[PDB]
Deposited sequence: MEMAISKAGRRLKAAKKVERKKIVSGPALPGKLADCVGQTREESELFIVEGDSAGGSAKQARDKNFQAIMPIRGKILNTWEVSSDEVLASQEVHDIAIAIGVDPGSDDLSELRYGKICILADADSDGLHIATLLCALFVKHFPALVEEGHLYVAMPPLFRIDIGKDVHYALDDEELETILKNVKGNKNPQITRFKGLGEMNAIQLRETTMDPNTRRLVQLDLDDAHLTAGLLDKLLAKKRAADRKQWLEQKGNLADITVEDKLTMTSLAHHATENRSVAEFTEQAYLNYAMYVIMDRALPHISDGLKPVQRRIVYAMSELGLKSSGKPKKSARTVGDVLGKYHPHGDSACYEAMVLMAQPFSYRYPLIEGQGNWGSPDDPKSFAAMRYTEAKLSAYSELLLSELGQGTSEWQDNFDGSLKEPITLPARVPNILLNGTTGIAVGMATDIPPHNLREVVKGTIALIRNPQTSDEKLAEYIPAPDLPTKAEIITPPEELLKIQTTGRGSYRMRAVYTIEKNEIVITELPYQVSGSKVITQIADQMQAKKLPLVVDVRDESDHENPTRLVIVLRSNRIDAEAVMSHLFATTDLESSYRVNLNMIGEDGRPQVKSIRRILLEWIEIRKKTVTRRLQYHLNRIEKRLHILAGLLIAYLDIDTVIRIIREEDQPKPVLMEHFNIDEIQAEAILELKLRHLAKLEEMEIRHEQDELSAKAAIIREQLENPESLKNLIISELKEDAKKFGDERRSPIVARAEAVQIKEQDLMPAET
């Protein structure tokens, strides 16, 4: 039972009510920030009411009806519509239609599904009696000069397109947010009964509907939901079933956030914000060979052109890929306080630090302009951006990844570039290389520290073959007189925290043999934590063994090799499967690059053939250029060259044309013909394509590769007290 109102306004100052016969009345539930003010101005006050809600309501799917009014938003909804949760009595229903008005993007879709869930669980009678609707946002925007048009479906788009004839070219884009519209556009597209597309939601079979919603929204269905994402994830973008509507809305929401925050793409090992940073820096000209610019410059361009979602989220992602203690192969570099292992979240603001691309980042970017990638509209349709980067190495394993969204997590450790290349080459030569044979090439992760991996070979193998498990690391130290001197910490472990843990044991009187702990790290000593013992007599190993058991000096790391595959689906994959799948991606990239270069080679040979003809009667060419007002047609007629060939001859300076050597031309012709011949056979013979990729992997491992940093070492179990 909701709070009673007989006298006065329902929800004063929140609900903007209408003045209507309530069966003709319509309530629009909107999101406040995105469309609150605009919807109120868009509506017809005679029969349309607006209730703005700030942000998303809670997930009420598993909340008992006896308990659901505890939420204010929900209480307000029940008051607005005049129905108690869990009741089938609609005699107090205040509107004939209850309409969800939400954006077309991931957040709007999420808001829509949470509202449907509320109505399906707690007001099923309302939905069964046909009172719940969705006000569909446009599907497309169409710009024509200064004119903006919206299409709510494929028919309207075709109609719009065929009826504008004339000059301007129509730019079509996918519609995102209602907040982009003025009140007139919003009225015309979503609120006016004559022109909107208002879809009535059907409960259908209430048991199947509940079953589907259980899967989307219930905690106990976590496993079902994960399997659903792994099967259907690639599919993420009048009457309609509520089950069909919410399944597709929530699929779209879930895949968006999972790809945004959690799982990178297998092809280049990146998530969108990371890919957009690297791409944006490439366009800014921030090559490793030049000067860095303030990080702000890159952030501003990312925010303005590619990833408009908060300066902080962009900059924090930049920092991570600049920290040499975080990224095994930094994508970014430059002067500034990028923080330290003591606290990787404490770093200078983006107006101070400076950033350009690292040389390593060439492995992702160098082939971008060579017809290798697919491109898509950026968020507002004014630019294109690459969907994936044409990686020359499996950066996914080299820098790894971490994140979680909607219960789906990933935890990929970094690996050594040279070991991974050896493994990849083996897999290209023999796809049936076993998991165990692969482990000889790639024994373990390789972290940006010289600390030790102490996990046994057979546990490392199980992690690699199943894509999940755990490994352990220990700090590295030596003994000097009465001092334990630690020079290397486990990955992601803070020296300051370690010192705090040890000091705490000292104060708790648990470490009598330790008299002091000092942080002696400085420029001469990157990491230098000193544990001072009572005397030279004390058994340091025994002290260290206890510390390994009780502090971060020994640490454990979850591994979950989860990512978006070439098929667009999330999946946990073995090391072997990751590399096999990556190889197949690289074959496609290289094939496309070869095709791009062949075309260019052929165009250049065509020019050279013209230049050879020109050179072989240079005096006539020169005479024609000197004495003709229109040399081009004269050259074409008298030498039998085409327009392209003639323009190239005319392109040259008279001075250059005199300097034109036959030998030079003929050499380039020969050199280009032999290149084109090699390319054609690489394109036609799969085995020589494989050899090309192998030789390129070898050169890249030589140029950009480095030695293992984290030795794999067996240790006696840590012993406490």
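Query raised in the report: Going from the first residue of the deposited sequence to the last, where are the unmodelled runs?
Result: Model skips 1-18, 39, 257-273, 758-767 of the deposited chain.
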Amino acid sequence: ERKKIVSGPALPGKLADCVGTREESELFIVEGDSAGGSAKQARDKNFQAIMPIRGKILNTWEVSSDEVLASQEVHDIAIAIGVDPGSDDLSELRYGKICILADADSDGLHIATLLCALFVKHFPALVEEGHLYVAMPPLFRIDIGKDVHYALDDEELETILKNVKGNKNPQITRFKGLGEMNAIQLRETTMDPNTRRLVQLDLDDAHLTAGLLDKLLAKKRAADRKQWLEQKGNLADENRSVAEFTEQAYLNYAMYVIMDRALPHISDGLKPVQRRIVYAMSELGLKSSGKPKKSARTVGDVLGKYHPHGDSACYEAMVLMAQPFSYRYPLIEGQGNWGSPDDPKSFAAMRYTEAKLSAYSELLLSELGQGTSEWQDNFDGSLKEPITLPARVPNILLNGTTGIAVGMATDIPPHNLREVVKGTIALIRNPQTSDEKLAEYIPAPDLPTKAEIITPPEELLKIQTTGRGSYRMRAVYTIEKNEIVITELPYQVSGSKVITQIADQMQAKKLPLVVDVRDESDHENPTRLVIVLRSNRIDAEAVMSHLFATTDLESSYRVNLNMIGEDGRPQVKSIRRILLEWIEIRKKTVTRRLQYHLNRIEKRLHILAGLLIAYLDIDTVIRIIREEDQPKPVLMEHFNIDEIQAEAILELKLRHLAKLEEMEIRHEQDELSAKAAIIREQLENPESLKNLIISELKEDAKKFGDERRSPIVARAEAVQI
From here on, numbers count along this sequence of modelled residues.
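Query - Entry-level comparison of average CA B-factors, 31-39 and 661-669, reporting the higher stretch - result: It is 661-669.
**Report entry** Mean C-alpha temperature factor, higher of 300-308 and 120-128
**Finding:** Averaging CA B-factors over each stretch, the winner is 120-128.
Query raised in the report: Looking at 190, 571, 209, 72, which has the biggest Cα B factor in the entry?
Result: Highest CA B-factor of the listed options: 72.
Requested in this report: Just grab whichever of 107, 283, 637, 488 has the top CA B-factor as deposited.
Outcome: Max CA B-factor in the entry, restricted to 107, 283, 637, 488: 637.
Query - Chain-relative CA temperature factor third for residue 68 - result: Highest third.
**Report entry** Position of residue 369 among the chain's modelled residues by C-alpha B-factor, lowest, middle or highest third
**Finding:** Answer is middle: the recorded C-alpha B-factor places it there.
Query raised in the report: With respect to C-alpha B-factor, does residue 542 fall in the lowest, middle or highest third of the chain as deposited?
Result: CA B-factor rank for residue 542: highest third.
Query raised in the report: Lowest, middle or highest third: where is residue 615 by C-alpha B factor in its chain?
Result: Highest third - that is where residue 615 ends up once the chain's C-alpha B-factors are sorted.
Query raised in the report: C-alpha B factor of residue 633, ranked within the chain: lowest, middle or highest third?
Result: Its C-alpha B-factor belongs to the middle third of this chain's values.
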